[PDB]
């Protein structure tokens, strides 16, 4: 494509730094931009990067190397709100406004440090049908990877971070469910390397 972005995705610890890159072959590109798209929203311009050198706006610094048409974005002290899809976009010079050419984007995920981990797998029963349940793997730290199911009849979500704002408490969780006759929470996350001390209530 005309604009090539890297990396494809990036996980960044809260408070950590991130660098995104954008290269292009088309020397007619004159006006470069960084756009951000939060889930379910339209893209929103973060900042233009039209001039050779650094452009600092708070925690964000865009940089353009006009000679090589290298564009970058550096994020300091990364925040949860920074998790989003980041696009490089460019257009040519013309008296008349032009359509933007976009890179494929980098999905940036800023993950929390779990100060007080308490990894556990709980069984939760359907409020209308107590015979039906899901398994909730929760409260693990950032070092735990939740692997996808290797069993087509077992469904396992990716991890999700929730934020109990008033308590300044964040926690990771993933959910697993199945109608398999022998499914049990004790075995739901067998395809993942989970903490040896994970709590499994009787």
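Residue numbers count along the first chain shown, from 1.
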{"query": "Mean C-alpha temperature factor, higher of 68-76 and 113-121", "finding": "113-121"}
{"query": "Given 143-151 and 38-46, the range whose Cα B-factors average higher in the PDB entry", "finding": "143-151"}
{"query": "Third of the chain's Cα B-factor distribution that residue 162 belongs to, per the entry", "finding": "lowest"}
{"query": "Residue 130 - Cα temperature factor, lowest/middle/highest third of chain", "finding": "middle"}
{"query": "Residue 27 CA temperature factor, ranked by third within the chain", "finding": "highest"}
{"query": "CA B-factor ranking of residue 5, expressed as a third of its chain", "finding": "lowest"}
{"query": "Residue 91 CA temperature factor, ranked by third within the chain", "finding": "middle"}
